[PDB]
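Okay, structure first, notes after.
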Amino acid sequence: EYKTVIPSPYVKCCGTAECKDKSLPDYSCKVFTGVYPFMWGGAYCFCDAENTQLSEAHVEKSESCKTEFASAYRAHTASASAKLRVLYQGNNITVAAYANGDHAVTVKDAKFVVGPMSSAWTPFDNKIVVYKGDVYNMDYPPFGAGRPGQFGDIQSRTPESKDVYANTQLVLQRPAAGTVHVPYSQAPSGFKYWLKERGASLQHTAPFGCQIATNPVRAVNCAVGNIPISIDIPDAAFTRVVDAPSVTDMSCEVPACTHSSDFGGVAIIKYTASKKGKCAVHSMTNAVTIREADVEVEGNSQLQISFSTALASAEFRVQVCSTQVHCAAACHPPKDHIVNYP
Amino acid sequence: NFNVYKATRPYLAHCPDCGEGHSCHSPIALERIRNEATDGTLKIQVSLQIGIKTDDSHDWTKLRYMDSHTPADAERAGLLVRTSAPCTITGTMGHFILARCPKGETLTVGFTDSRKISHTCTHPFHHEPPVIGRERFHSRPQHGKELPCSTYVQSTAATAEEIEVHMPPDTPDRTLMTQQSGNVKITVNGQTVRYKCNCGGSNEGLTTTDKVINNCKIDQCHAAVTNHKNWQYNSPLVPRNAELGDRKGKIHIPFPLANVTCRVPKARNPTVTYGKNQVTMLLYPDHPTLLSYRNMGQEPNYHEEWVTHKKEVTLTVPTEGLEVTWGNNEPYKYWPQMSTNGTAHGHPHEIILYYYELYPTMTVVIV
Amino acid sequence: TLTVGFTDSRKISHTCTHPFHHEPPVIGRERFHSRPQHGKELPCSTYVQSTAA
Amino acid sequence: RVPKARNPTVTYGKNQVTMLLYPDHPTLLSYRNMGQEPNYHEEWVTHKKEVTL
Ligand SMILES: *[C@@H]1O[C@H](CO)[C@@H](O)[C@H](O)[C@H]1NC(C)=O
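Chains as they are written, first to last, in the entry's author numbering: chain C, 50 to 391; chain W, 5 to 371; chain A, 110 to 162; chain L, 267 to 319.
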């Protein structure tokens, strides 16, 4: 917002004033004749119509700008950073890295590399305008061509730079007869107004709902494309096959299953193993997923596993201790049609 | 102790409204209104000083006002302001007052004189607090979220916000004159007065002593006391001294600006009923509030409505999910799950329902 | 609405009210609510303080 | 007395005028042809409407 400075008008009697140009933004001046102002104690002066009035005004930046303002940037490209959680050696570990295929991060003797982002799509735009805590995709007018009553009506290079540019059609008018005062046709401030018609923020208009923050401005949590990850894992974690207990006498059964967004499937497997030990479990068909990663096996015992599927009839193999076991079942539709968690 | 206003003086300027329709001259003229603060508190510039006496003290009891080209002190208590109902004053210093006032369109100020007189002025100024957050709230809550917002402060030491003060030009008053059998008598009573008359002889002259110009009508001319002792801070209404634009003497404007957190109410959690791939949210506004919804995919499907009554709204979820923002509360996400148990595999086929409920219009036109 | 009230020598407040819809007529196109420092002048009916009818 | 109105800001086009109006309070805007046919129109405005003629 801008402040309009209009010092005390110059009054004169029996003589005439004159306009001297001022090298100030949107500075304007005018003169009038025949005005006969009156004050509390009576007429200012005697000259009935020979008197004259000179007025002038200009517009400057407001000190409030140092605290409140709207800033227009021309952000074009972006970089990606991401946070990952990895189950390693039976514990959750957090990693942070730039998701552009360059940053490499060492953790627990293993080297992780993430990115680059498959999709270059962004929710932002070449030109953006930011308020205190809001961001807007909007093509601001070019500097020095602000249209009055609209965003950019006053342009400043920086909040502290003294130089400014303005366009406000500051036209004066003849003062009311019998009174001493200065009228001004100051243009209404388009900046304050734009705050009134800002519209929807980009945190709602962004496709894929990429949450937007500030200081710094980032777009976060939007699902687009995929990520490549390369992990160099030292052999220390690796265990020779002989170390792992063997497995035999594999049987599978499904007392019931329910294709749903949750782990609605339960499978009971009878197994026999050489010795007590951990053993990984996996499903080699992408159509089905298993919540569990590994499990301890003692020998001729059984175990239960919770899994999620989408097939009406679930017919799949399961891998454990380098062995395959079939599993066939007929799931049923649940009752709910929509869920909150993803 | 923030004492820079030694040589200042109040105005007595043409206020736009002295009451009852006619506009006259009052000591409470106002010419500047600042409302850029998001919180809603307003600075009000005022003609007359406050918090001082003639001896330049700092007690808040009194305030300075001009009258008959002479200063006087009046009780600070009677000062008040209004827009539609009595407002609340918080700032009292120099020529600026910090006040907060409910939604109002005009703005008047009033005070009681040592003259036991009520002097009041008003300006039409549309004061509309900006709705911060979606929930258009009018009184901040016991419980709610906190958001940043601009506002003012009580500090009385500014940083390079200067306002010039200049020597008052003059005040031409003819009460000093009086006709003595065609002999005008001008009384000075201890000031510097320039008289100037179209009459001959001593037509012009600056004096500080009572004078007489014989054989001339009082209405012949006018004279003005030329005061140049205590400076008067610039305003558009006051005429200029007629020599140049600026004059030495600058004062800082107090009550700077900063942004602080402010509270904002949450919204009644709506009651949601259910249907096939469809959600029926019933909403209780409790006050004007915004409800928006958008798809979770590459297409927004943006919508945002204002609500003030209980609307029961229905949304059809897409296969990729849908999120709805209600007031300032955290948005709720709903994404579809499989549709129905109606379909089932068995001796009666009942597979068309399978391939319709799941992947409707697909794997069915394939049939 | 429109109410009037007064304080008695009885040190009592006596008040009455009538529902009367008071709507000033908008004079001119610009629906203005407080008259300006600067503006045009138009005729309009009104009263006066004379005490001799 | 009665207030004037903020002078609108007018932009341009082929045989077309785009007047942007700042009400500052409820106000009336009307337009009419200069010929034998009025083409009368008169609207009330309270927000900044950008109108085209
Ligand atoms: C890892 O995160 C899961 C998430 O719920 C938690 O249950 C588990 O205790 C965490 N720690 C592990 C798996 O060691």
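Note that the Cβ used here is the ideal one computed from N, Cα and C, for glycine as well.
Which stretch, first to last residue, makes up the beta strand (DSSP E) that contains residue i?
i            : result
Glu40(W)     : Looking at the DSSP string, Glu40(W) is not in any beta strand (DSSP E), and its letter there is neither H nor E.
residue 1(W) : The first residue shown for chain W is 5 and the last is 371, placing residue 1(W) beyond what the model contains.
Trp310(L)    : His307 to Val311
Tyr122(C)    : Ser120 to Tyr122
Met299(C)    : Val296 to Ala305
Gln368(C)    : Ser362 to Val369
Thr321(C)    : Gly314 to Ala322
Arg104(W)    : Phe100 to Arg104
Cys125(W)    : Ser122 to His127
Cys266(W)    : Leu261 to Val268
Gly279(W)    : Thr275 to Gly279
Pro75(W)     : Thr74 to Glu79
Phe81(C)     : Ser77 to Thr82
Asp281(C)    : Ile278 to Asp281
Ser104(C)    : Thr101 to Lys110
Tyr189(C)    : Taken as a continuous stretch (DSSP letters only), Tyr189(C) belongs to no beta strand (DSSP E), as it is neither H nor E.
Can you pull the chain A neighbours of residue i, defined as C-beta to C-beta under 9 Å?
i         : result
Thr110(W) : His142 and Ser143
Using beta carbons (cut-off 8 Å, strictly below), is residue i in contact with chain C?
i         : result
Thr312(L) : no
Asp43(W)  : no
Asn305(L) : no
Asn299(L) : no
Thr293(L) : no
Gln183(W) : no
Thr347(W) : yes
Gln195(W) : no
Count the other CB atoms within 10 Å of the CB of residue i; is the residue buried (16 or more) or exposed (fewer)?
i         : result
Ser72(C)  : exposed
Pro173(W) : buried
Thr263(C) : exposed
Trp310(L) : exposed
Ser309(C) : buried
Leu83(W)  : buried
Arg144(W) : exposed
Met166(C) : buried
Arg13(W)  : buried
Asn5(W)   : exposed
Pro274(W) : buried
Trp243(C) : buried
Can you pull the chain W neighbours of residue i, defined as C-beta to C-beta under 7 Å?
i         : result
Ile387(C) : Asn281, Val283, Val321, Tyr338, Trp339, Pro340 and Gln341
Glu50(C)  : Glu40
What residue range is occupied by the uninterrupted alpha helix (DSSP H) comprising residue i?
i            : result
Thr254(C)    : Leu251 to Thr254
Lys245(C)    : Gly239 to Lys245
residue 2(W) : Any answer about residue 2(W) is impossible in this case: the structure gives chain W only from 5 up to 371.
Should residue i be flagged as near chain D, meaning a C-beta pair shorter than 8 Å?
i         : result
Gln158(A) : Looking for chain D here will not work: the only protein chains present are C, W, A and L.
Could you tell me which chain C residues have their CB closer than 8 Å to the CB of residue i, listed as they occur along the chain?
i         : result
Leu286(L) : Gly198
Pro176(W) : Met88, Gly90, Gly91, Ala92, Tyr93 and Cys94
Run down chain C in chain order and give the residues with a C-beta less than 7 Å from the C-beta of residue i.
i         : result
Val242(W) : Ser57
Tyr358(W) : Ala361
Are any of the Cβ atoms in chain A nearer than 8 Å to that of residue i?
i         : result
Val268(L) : yes
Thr318(L) : no
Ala225(C) : yes
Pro20(W)  : yes
Taking CB distances under 8 Å as the criterion, tell me whether residue i reaches chain W.
i              : result
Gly182(C)      : yes
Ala363(C)      : no
residue 442(C) : Residue coverage of chain C in this structure runs from 50 to 391, which leaves residue 442(C) outside it and unanswerable.
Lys384(C)      : yes
At a CB-CB cut-off below 9 Å, which residues of chain W make contact with residue i?
i         : result
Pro283(C) : Those do not exist, as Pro283(C) stays about 40 Å from chain W at its closest Cβ, beyond 9 Å.
(message) Along the region 228-261 of chain C, where does the CB come closer than 9 Å to a CB of chain A? Name the residues.
(response) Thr228, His230 and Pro232
(request) Using a Cβ-Cβ cut-off of less than 8 Å, give me the residues of the region 100-132 of chain W that come near chain A, in sequence order. (result) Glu109, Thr110, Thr126, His127 and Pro128
(message) Any C-beta of chain W within less than 7 Å: which residues of the region 90-101 of chain C qualify?
(response) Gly90, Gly91, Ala92, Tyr93, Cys94 and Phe95
(request) Could you name the residues of the region 59-72 of chain C whose beta carbon sits closer than 7 Å to any beta carbon of chain W, in the order they occur along the chain? (result) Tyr59, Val60 and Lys61
(message) Counting only Cβ-Cβ distances shorter than 9 Å, please list the residues of the region 114-130 of chain C near chain W, keeping chain order.
(response) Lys115, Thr116 and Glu117
(message) Please list, in chain order, the residues of the region 285-316 of chain C that have any C-beta partner in chain W closer than 7 Å.
(response) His308, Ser309 and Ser310
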